[PDB]
């Protein structure tokens, strides 16, 4: 598939921390996702989670934020 649900990440494999769900919905949708929300707890801790984020945008993968 060309989309996936995951933490959106930058070019350094770092999540985007969040204080508001709105921040994440905006961030996710402007990058092509259908919606998003803030995770205050999750696999990698605090960060925005996007629904159906296209695969030309990075997601947090195993390893470190560098």
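Residue numbers (PDB author numbering): 1 to 66. The beta-carbon is built from N, C-alpha and C at its ideal position, and this holds for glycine as well.
- Note on residue 15: 16 or more other CB atoms within 10 angstroms of its CB, so buried under the neighbour-count rule.
- For residue 26, the enclosing alpha helix (DSSP H) has its first and last residue at 21–30.
- Per the coordinates, the alpha-carbon of residue 3 lies some 6 Å from the alpha-carbon of residue 55.
- Within its own chain, the residues whose Cβ lies closer than 8 Å to the Cβ of residue 58, once the five positions on either side in sequence are excluded, are 8, 9, 10, 11, 13, listed in chain order.
- The three-state reading of DSSP puts residue 60 in coil, since its state is none of H, G, I, E or B.
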